[PDB]
Every structure is written in C-alpha cells, then in structure tokens.
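Take a look at this one; I'll ask things after.
Letters A, B, C, D and E mark the chains in the order given here, with residues in each chain numbered from 1 onward.
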Amino acid sequence: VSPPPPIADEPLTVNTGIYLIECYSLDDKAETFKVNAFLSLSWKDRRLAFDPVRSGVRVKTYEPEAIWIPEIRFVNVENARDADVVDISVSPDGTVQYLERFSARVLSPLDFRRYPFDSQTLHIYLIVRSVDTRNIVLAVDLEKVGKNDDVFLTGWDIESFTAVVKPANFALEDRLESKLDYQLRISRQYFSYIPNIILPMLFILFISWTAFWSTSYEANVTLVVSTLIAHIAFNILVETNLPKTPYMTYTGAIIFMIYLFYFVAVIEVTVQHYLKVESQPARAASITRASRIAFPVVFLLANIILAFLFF
Amino acid sequence: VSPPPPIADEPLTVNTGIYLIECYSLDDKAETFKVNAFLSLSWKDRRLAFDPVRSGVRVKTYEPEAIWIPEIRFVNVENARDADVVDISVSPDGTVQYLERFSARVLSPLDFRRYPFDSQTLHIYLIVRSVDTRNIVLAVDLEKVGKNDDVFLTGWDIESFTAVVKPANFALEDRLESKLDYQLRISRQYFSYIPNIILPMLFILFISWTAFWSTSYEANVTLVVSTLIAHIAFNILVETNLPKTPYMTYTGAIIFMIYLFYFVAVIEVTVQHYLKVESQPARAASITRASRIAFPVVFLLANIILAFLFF
Amino acid sequence: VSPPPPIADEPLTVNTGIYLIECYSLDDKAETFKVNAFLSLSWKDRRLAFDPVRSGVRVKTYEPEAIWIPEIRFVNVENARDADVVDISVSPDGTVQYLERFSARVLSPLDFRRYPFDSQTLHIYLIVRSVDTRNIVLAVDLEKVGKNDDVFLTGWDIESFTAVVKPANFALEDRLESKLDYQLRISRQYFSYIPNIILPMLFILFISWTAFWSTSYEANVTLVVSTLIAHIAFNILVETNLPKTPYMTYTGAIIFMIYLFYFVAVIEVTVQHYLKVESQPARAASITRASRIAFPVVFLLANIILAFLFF
Amino acid sequence: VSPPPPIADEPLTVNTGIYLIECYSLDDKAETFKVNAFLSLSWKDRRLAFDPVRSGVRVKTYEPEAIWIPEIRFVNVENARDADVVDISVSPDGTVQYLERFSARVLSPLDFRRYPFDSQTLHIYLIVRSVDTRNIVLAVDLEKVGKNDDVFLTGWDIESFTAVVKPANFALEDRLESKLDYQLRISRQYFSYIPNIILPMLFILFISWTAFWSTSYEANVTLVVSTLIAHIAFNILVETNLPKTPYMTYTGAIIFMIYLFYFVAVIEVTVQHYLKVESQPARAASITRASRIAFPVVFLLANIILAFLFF
Amino acid sequence: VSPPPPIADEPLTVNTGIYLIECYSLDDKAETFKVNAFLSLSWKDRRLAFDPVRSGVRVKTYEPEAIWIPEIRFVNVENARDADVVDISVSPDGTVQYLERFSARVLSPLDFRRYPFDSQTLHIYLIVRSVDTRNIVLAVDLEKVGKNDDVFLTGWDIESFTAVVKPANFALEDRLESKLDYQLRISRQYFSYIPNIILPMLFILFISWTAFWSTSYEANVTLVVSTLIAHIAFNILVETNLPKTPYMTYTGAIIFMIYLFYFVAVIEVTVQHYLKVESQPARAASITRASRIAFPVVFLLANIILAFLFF
C-alpha cells in the first residue's frame, strides 16, 4: 500500500464532504463545540480499476487495511477524531468511495462583541499532507456536504453549513498541505437573557432611583448599596458564563456603565444629606429634583450611544 | 464476509430489540441521559443455513468476525456506543440471533414549558445504511423490547419503553437509510421542588407584604429589598439547573412575574413615604390599605391565568 | 472455544468471589460508588484435563484467549468494568481457577430518609447468561468473599461485605440468567454535620428570637430577615449535596419547618409594631412575652415529633 | 512463558524502585494525588543466562512478550496504571533489568487535624501475588528510588521520597502476597491562608466588637449580624475545600468557636438595649465596659488552649 | 529491530522539531496547558541505505514497526502523548525523516507575582534514554521548530516559540538521558480585569469613603460593612481563579491592603460616633475632616509603593 501514481504529472484530487448528524456542547468559555458527522472521501486509484462486463459485479468492496486511503486530518480539533469506517466502495474505473462516521471536539473562536445578540461562524478545517511520490489536493463535492433536519444546537439557531470550495494550498515543513474550510453559521437565541438577566438588572437599577423621592439618608444608603450588591451578583453571574476577552463586549459595556450610575447615585445621596445637615435643604431639594430627570435621561441616552457603537 | 444475497429482490429485514438494564444521568442542562441495555439483532443469512440431521446440532455459535453482521448505529449519541457481544446463534434455516450489551450517552431534547411539572419522551434512534449489493430495512420484534423492573431514573418516573414499529426509510447520500424510534416516557418527580424552591420563594414574597402593615419607610425598604435579594438567589439557583430555552417556561414566568410584584411594592413603599413627608397621611393610608388586598388578589389571579395558559 | 459439555445433564456451576481492595467516591447526588476489587471465578472444564507426568507441570497456566471463560458481567454498572487477568490456573481434573482485578462505578440507590444519620446497603450484582449448549449457574465461595482491613470509604463506616449465597435464576429474552447479590453495608459518619451545618443553623435561628426582647421594629426586621437569608444559604448548601427525593428526608423536614418559624416570627414582629403604633403596647407586650416561651417550646416539641416520626 | 524455577527452594526476589518524574493534583476532598514516575524491576531468570565471552555481547535486549515478567500492581490506585515499557535488559548471569514509565491516580488518606498547618505521608503500595510454581517476594533497590529535583506539588513542600525496605508478606485467598510501602512526605504551604482566610476572618470578628463602643442597638444589630454573615461565607468556603472528617480539625474548631463569640455578642447587644429601654443604663454600661475586655481576653485565651490541644 | 551501530564510536544524533498547530486550555489553578503539534524526528540508520539506481526510487516509505525509531518522550506531561504517525521517509544514505502529530497536557509552573499583568514561559521538555549498544543525543533542527499563524491561546498573547539548541545530558538510573527545552513565551491579556475586577473593587471602596461626609453612625456602619462584604466577594472570586502560592502576588497584596482600609474606616466611624455621644463633636469633626484627605492619600501612596515593589 502506497499512493496511486499519476497518469501525467497531476496531483491527486481527494473529494471531500461533511454531513452533520449531531451538534452539541457549544461551550462559550472554552470556545469549543462537539460534532457527530459523516466524512466522505473520493479519489481515483487506477491500480484498483476492473471490467464491469467480465466481472459481473458493478461495484467492489474493501476493508480499510486492504487499500491506500489518504490521511485526512482536522486542523482545529482537541484530539484526533473518533472514526468508524462505514463503507469503502470501488467503481470499475478505480474511483474509490470512502465513508466514515466521526465525532470530534472542535476549537473555534467566538466574537463576543455583540453578546448575547451575537452570531458566529464555526469552522471545521480538513487537511491533507502531500506524500513524496505525489501531491494530494482537496476538493469539495457539494452533493456530500450537508446536515440532518433534526440538528439542533441548544440555545443557538443553525443558519447554514457550507464549504469554501477553493482549498488553501501552502508549504509546511518542506511539503505541500491542502486545507479546506467547512463553515457552520449560527446565531444566539437571546430570548431568555431578557427575563433572566436584562429586566432583573434594570429593575434593581430603577429601584435604586427611588432614593430621588426620599429625604431619609439611612433608607437611601440601604436602597443604593443593596441594589449595587445585587448588580455585582449579576455581573459575576454574567462573567462566569463568558471567557476573558481583550475587547469590550456589548454586555460588558452596559454592566460597566451601570456601576458609574450607582457611584453617582451614592454621591448624590451623600450630597443631599450633607446639605440637609448643613441647614440648606433648598439646594439639596433642587439637586434631587434634577437627578429625578437627569438619571433616566442620561441612562437612556448612554444606551442609545452604546447600541449605536455596537450594532 | 459480504451481505446475504436476495432470494427474489427483497430488502434485508433486521429485527431489532432494546432491553433497558440501567437508566441514569438525565442532565437537564445538557439534554442528555445515560443508558445501559441489551441490543438484539435478527436477520436471515441463507449462506449459513444447515441440515440439523447431518450436523448433529440444532444451533450454530459464531464469533463476530466469522460472519456478516449488519452495521446498526444510534443516531442521537455523543460517541459510538460501548458494546460487548454477548452471543451469536444460527438456527437451521440460517436465522441469525445476535445479542450485545451496550452503554451510551443519548442526546434527546426536552420540553421545559411545564417545568418542574413536565413529562418527557426520550428517544433512541436505531439506524442502518443499505449496502451496494442490497437494501437493509429495520423492524421491531416486540418480544425483545423491554426494561427490567429495577430500572430507576433518579427524580423521574418511568411510564413506558416502547418502539414505533414502522421505520422511517429515507435517502442519505444516494443510499437507503432505515431508522427506528425507541421511546422512553418519563415524568418528573416534582415533590421536592415544593419544600425546596416553591414554598421558600412564596414565604419570602409574603414577608415582603408585611410592609403594607408598617409606616416605617426605613423598615419597609429593608423588608422589600432584602426579600428581593433572596428572590434573586432563588432565580439564579433555578436558572443554573436549566438550559437556556427560546420559549417561556412555567417556573420562568412565575419567577419573572414575582419581580414585578417586588418592583410595585417598592413603588408603593416610596409613594406612602413621599405622601407622609408631604403631610398627607390619609392618601398614603388608603393606598396602603388597598395594597393589603390588591397585592394578594392580583397575585392569586395572575397565578390562575398562568396555570391556565401553561396546563 | 465453546462451553464444556455436561457429564449427565447438569448446569455449569461457576463459583464466584469478590474481595474489595479499594472503596471510594460514594457520590450522594449520583447514587454511585467506585470499587477496586478481585473477581474470582472457578468452574470445571474437563476438556483441559492433563497428566502432570506427561506434561511436567502440576498446574497449567493459560492466557484468556486460549481457553473458554464464562461471560460474567455486572448488572448495576455505568460502563463495563476495567479488568486485568491476574492468573488462570487449571488443575489436572480440569478445574479452572480464574482471578482478575477490576475497578467499576456501581449504581446503587440510597435511602435519604434519615440523612445525615442514615445507613446504606450498597449492591454489586454479578450475572451470567446461559448458552444454547448449556445452562450456567452462579454460586458463592464464601472463602473468596471479603475486603482488606485498610478499606476506608471517606465519611462512611464499613459494617459488612457479604454475599446472598442463593442466586436469583430467571428468564430473560428466551434464555436463563443466574444473578448474585454482593452487599456492602455502610453507615454515614454524621459527626461533621453537627459543627458545620446543625449548630450554625440553630445559632442563627436563636439569634432571630432575640427580637422577642426588643421593641425596635427596625432592628427586629433586620434580625429576622438577616438570619432568614443565612438560613436560605444553609438550605441551598444542603440541597446541592443531595439528590432530589420524591419523599421527605429528616434534614429536609427540619430545614422546611424552620422556614415556618421565621415566617411566624415576622408576623409577631409586624403585629407587635402595629399594636405599638396603634397606641396599645400592653397587648403587644403580652404577645411578645408569650412568644419568648412559645417559640422555643413549640420548636423543641416539633423536633421531638419529627425525630419520633423519622427514627 | 512461565516463572523461572528455583535453584534450591528459594522465593523469587523482585527488586523494585520508583523514581518520581511528576507530582501533581493533590485533591484534599478526594484524598488523591497524581504521579508520573519510572518503575524499575529486577529479578534473576537463569533460563535467559548466556556466555559473556562466546556471545561477544555484554547484555541482551528483549520485547515484553518474549520473556516472563512478574505481575507488579499498585494497591491504592483508582484504575490500573498507564505503563510504557522503556527497556528490558538481560545480563550474562540471567539478571533481568526492566524499566517502565507510568502515571497513576493514587488514593492516600490525609490527616486534616492540623489543617492548614498539617504535614502528610502519601503512600504508593507495590504488590506481587505468588504463582503456583513459586513464591514471589519484593525488595527495595535503594539505588533506584528517588525523584527529580524539579518535582513540585503545588501548595505543598516535598520533604522525602523513601521506601520501607522490609515487605509485608501475607496470605490472601490461599496465595502469598508481598507488599512494599513507598512514602512521599509532604508539608502544606500555609502562607496564603494567612492573608486569604485567617486575617479577613479575624478582621470581620474585630469589626463585630466595635458594638462594645456603641449605644445604638440598631447599628449594633447591623454590625454583629452582617459580620456573622461574612463568617458563614468563610466557613462555607473553607468546608467546600475539605472532606467531611469524623474528627475535629484545627480550622474547624476555630471556625466553630467564633460562632459562639457572635452568639454571645448578640446576647450582650440585646441585654444592653433591654436594660437601656428598662431605664437602667448603668448596669448596661458596666456589662458593655466588661465585654470590651472580656471578649478579646477570652478569645486570646481560647486560641492558646486550642493551639495547645492541637500542636 | 535494534539501534543503528556507530561507524566510529559516536553517539546517535536525533534531530528534533516541534511545530504548534493548536494551543488551548491554559489552566491557571492547575498550571497546565494543552497543545496539538507536529513532532519531527531525524537520525541516520545506515542499515536502511540504498542505491537509487537499482531501486528506481529517490525515497523509501516505512511502517513504524518495520524500522528502529528512537523512544522520544515528554518529561512534563500528565499522561503519555496521543500520537499519530503522519509519515516515515528514508533517503538513499539511510537518513530517516519521521513525522507525527501529537496532543498533550503539559505541566508548566507559572509565576503569579505580577498577576494579572504577568508574562510566562511555558516549557515542553523532549527526552531520550540511551540504549546499551549506544548513546542517543538530541539536537534542534531550527528549520522544523515553529507554530502556525492562527495559534491563539485564549486570554494570552503568544510572543515566541523557540528551542534551547544545546541539550542537557545527564545520568538517570545508570543510563544517559538527553533532554531538550522548547519554550513558549506568552503574556496575559489584562484588559478585562480592569472593568471586571479592578474598577468595581475601587468603586466599592470609594463608596465606603462617603462615610467621611456623614454624621449618621447607622448609615456609616451600613456603608462600610456592606462594601466590605462586596470586597470579600471579589477576594473570593479572585482566589478561586488562582492557585495557592507560597509568595505574595500583586493582586493578593492589593486585595489584602484594602481590608486594612475597611478596618481603619470602621475604627474612624466608631470613634466619630463615640465622641459625638460623649458630647465632643469638635474632636470628631476634625478626625473626620482629616480622614477625608488621609484615606485617599495613604491609599494612593500605598499603591505607588506596591507597584514599585512589584514591577
């Protein structure tokens, strides 16, 4: 067993195809996802060709070890895929049709900039390293690229599974490498974030603003501080579900901005009390009266600015 | 070793049967469950048929590698099942009786809409890809589908383990695929949710309503804010045990609605104090007096509406 | 390699023995435990008979694949046991003495009703399915059932490791199955629960009762609410360490009952303040005075009732 | 392949040696540690002996399967070690020199009594079961017992890696077993516990004692209750990092004792207020004044007593 | 298969090269990282040499088992690497060119002193043990040491992947061991720590200092205690993400220092109230007025001192 030789001096074309059976475990923190799919391989090996009329058989079967099979590997995997050879069929002209069922944990980075309203493009990079006797080149058989209807990825919507038809051929350690890009397009199901994180977070912030309709320093301190602690809880909960990004995310920005509002509300609450003690409740009253309008307006304005910058 | 050829031009019928030995690890967040069961396979291979007379044995035992065995796979599995061939028996007419003991992590989505009062239908999809020489079709031998009496799935009740007798035959990459649906019907044991999450959650909310029988703003702010923090704790605890659904769940709805009650109670508490400071305790008194009846009534009404919409 | 044949028409007796080397990872939530032990098997295969004269050796040593070995499996395991064949010895008569060292994660349900003062009976079910040529029956060789003295299972006391001598023989999918029950009796080391969960929990509850010697509504609200939050913390901590049971557990009952005490204390605290504001401190004083006695008495009575019902 | 026969009737001496390459993952809760080391084995097999002069080769190398190798196993392991045979060398006299590189998860109990100022002795028990033809006995070749200089075990100091030279020979299931004890002496790096758990815990307790210089019941209730909640947090954090011991640990004792101080401080705070309301501030003043001295003195005394009892 | 013999009496040089394909899972607590890379090996084996003319081939391909391949192992790995032989090529002079693709979990300690502004040098130690017939020495072929452009390690910046050309040759258990050091230089992406941990932590501290512009003991106690609890939360969050170091880290120092500020602020708050009750508000006023300047100044000074000592 060694590579099929060239008729002229052409490279060996191995036609590929990935058909997704299962999608699961998209881990945001790890930036990984699990896949269960069919891997299809097709190439011509003339040494295997036969007569259809004389052989009586139109197709011949082979056990993996019996024939030369190209070493196709995945670039972005944690460990080498778990493969089960489903079938090897050889047609009269020496065209081989290989099929395996595999499962792998794919490493594909995610862009957290618009979280939880983000969309992603997951990648599966197929690769083949050229042998000394000949160069191996990959290609996409669009007929054998797909996914089953039931393929569901929890908390995400599956847009498309396509392959970039033109392989990226390059030199690596003094030998040719032919690389293919299979792309899984998904978009996050943001629904649940609204009643679980967004609205609770806004409610606790609005509750803090009731201190603008109270002259009790002791009650205000409780209002602002308490809600600030609940905000820290939400911040912590949110940051545990996400990886540490070198860029600012949409959620990150909002969560951060909100801290400034709690800080300024504390200052206001302190100022109001200070003036009151200092026997000037009229300045204190106008500062509070302003804040009543200022706080929601600046909050609403700031959010528009951020949504603009982010979307 | 290659498929048994057709007498006429009929497809090969493989008679299946799953007998559950163990059920465990139903992970709600992951929407997976672990299973340990017997897989039974039966098909006719005439090339193996014999005369009971001349041979002097009414059965024939084989090692897996010695005979042709159909490639039965599970659709909804994380990784290929762990199988141990228990026995392979051949009857005089060439009827093969295959038995294996397997364990697998099955991916089956759950409908969280009625959580924790929900019921589920877990699936085990058996599949067979047809060969070039012939088409393979699956069938259910009802005699070999079951579960042992001891099969317990922690915090769930096992209703039934049945199989949809008629397979779903379809084309996949120009070959025939025959798919069978084994269904495990279960219903959640909601008991524990009552004293652990439900009642504590209601108690903390009722405690918040004592602020309707108090004129102390400072005590009221403490009552409502404190309990709101305890509610956030319960919300967080609940949401960590569940996956992110694109739909509203029953518990989700309740938890969410309750936030509105805390928000409105804060408003009431603020209003009462504001009026009192503004030297009009009679308006404040009537608002408070109404709230004492309004809050429980609207809570009880809202819950009826929700239970109705959900069940 | 196929079963040894009967002299008369007797079933094959495979003697068994489990000798525990290691016990670890008793997971309460999962209701699983890990075991590392010796599995001993002994059956007569006359086909292996030999003359020590003609063969030199008094006992013959065989490699697993060389001889017929009965397929012994465990019923209540997650996955097939990790086995290492330690020795296979055949005496001249053909008596086979098989020894393997295995490790497995055993699934055995637990009765949480008396937690953390509960005792358990863990099971290891050995099984053998009968072949077509002959019936296989299991037996216990009491001489080969044990555990080493060092066998420690963290936070549990090991009472006994015994086997139910009489196997449970039954039909399963048209063949005989011989099942054996090995029983590991253990009892929980409740010590640590006293200073870690019990006493802290009682202290925080007693602290709440100081509100019965205070006329300050604002301090009382803080006392009762604060401690209630600390109780929720303990409840959550406790419930994370346990699986969701369809029955009430001893700890569960106590934790639940305590909520009622916090609820009633809030009511009392509210009533006392209401009456005081309403210019009737004498009724308030007598209600408080009774509560000081009522609360500890009813708590102590309720606990006796519960301990009675549970033990 | 079968055991080398005795010259006289002596047992087979297997010389052992463990050389630690990597030490990691000391899990306190699980009472396990991971090891990566060389396992050296040496015995005499006269059947393999040769002429030094006539052969012209000083030593001869073999493949595992070619020769008889004793079955050395570890007693206290989770699962059977991952071994790679590095080399097998036979000298002229028939002395076999075996070397393998292994990795295993060792189960070794820990004494938490002096945590986090404790020291431990981790064990690796080598074992060999005697064959029918002859008895196998283990020995330590001190020349081949060691560890590399870089061997670091995070948050622990490695004192020594030694072996108890005299094996423990005993009967187990009617055959001789020769057991060796390799001991890894380590001591915990307590440094970090000081600024992370100890000092914060003491600071929150001291903060609680400021209530002895305050006449405000409402502020005191806040001071004592708040800090008590922070103490519960530390207790919980500490207990999550440790297994449930049937004995009292040093930290456990301290954490527990501190609860009593919070309880008594609440009593004091209640008493002071009660007396003040009851128009007797002079008794209240002297009780508070005493507490100011009593609390730190009894704390300091109690700690000395405990440190004494524990070290 | 045995080592290629020396022409003179030279040691065998094995040229090495590591080309990183993937980098992931840098676990700070565990001090481990996962790698996926190509391992290249090249040595001269004269026994494999051939005349290009009588062969009609420029190269010769071999299956691992067919030829002698040196046993290269990694020193700092958890378990033996997962390797797939990609290719084995032999040039006419008997120069062997070996290529494998591997994945391993590398144990490499980290210096937490400047966290989260730290940089690290991860190591991959290649090792070879010398055989009896001859000594094996490792060498770096700089042409075959690299990483692909896509190599990303989440939350870290990859500076360089280089190899220390000169191997460290030494004796280990009477055999010569040749060790090579491959170094991955990385630096932490500190960005996210600023809005997630740093700024929130500073804000809660500044909020505590508003008590210097308040005469209300009850509000102050709330301000300082509340924020202290939020600080404990951040401390706990930070310490869970890091391993226990025997040295003080930069973050560790800051977190610790901040506790002292909370403690002193409580003292101030206590003193101010004490004096006020004791009818001397002028001393109290000047102490408070000083603190307003003292606290930020000493905080700013302390930080400069620390940043100096650490960077």
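Just so it is clear, a residue touches a chain if its C-beta (ideal position, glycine included) is under 8 Å from a C-beta of that chain, and two chains touch if they have at least 3 such contacts.
Just so we're on the same page, UniProt names per chain: A, B, C, D, E = Proton-gated ion channel.
Shared contacts of chain A (Proton-gated ion channel) and chain E (Proton-gated ion channel), meaning chains that touch the two of them, come down to nothing at all.
For the copy pair chain C (Proton-gated ion channel) and chain D (Proton-gated ion channel), the superposing rotation over Cα atoms measures out at 70 degrees to the nearest 5. Per-chain Cα centroids separate chain A (Proton-gated ion channel) from chain D (Proton-gated ion channel) by 41 Å. The mean-CA centres of chain B (Proton-gated ion channel) and chain C (Proton-gated ion channel) are about 25 angstrom from one another, to the nearest whole unit. The set of chain E (Proton-gated ion channel) residues that touch two or more partner chains comprises 218, 222, 226, 229.
Interchain contacts close the chains into one ring where each touches exactly two others, per the touch definition above. All chains join into a single ring; listed from chain B (Proton-gated ion channel) onward through chain C (Proton-gated ion channel), they run B, C, D, E, A. Against chain E (Proton-gated ion channel), the residues of chain D (Proton-gated ion channel) that register as touching in their complex are 17, 19, 21-22, 24-25, 34, 36, 38, 40, 58-59, 61, 82, 84, 86-87, 89, 99, 101, 103, 144, 152, 154-155, 189, 191-193, 195-196, 199-200, 203-204, 206-207, 210, 213-216, 218-219, 222-223, 226-227, 229-230, 233-234, 237. Within the complex, the chain E (Proton-gated ion channel) residues that touch chain D (Proton-gated ion channel) are 2, 30-31, 71, 73, 75-80, 107, 109, 129, 131-132, 172-173, 217-218, 221-222, 225-226, 228-229, 232, 235-236, 239, 243-248, 252, 255-256, 259, 262-263, 266-267, 269-270, 273-274, 277.
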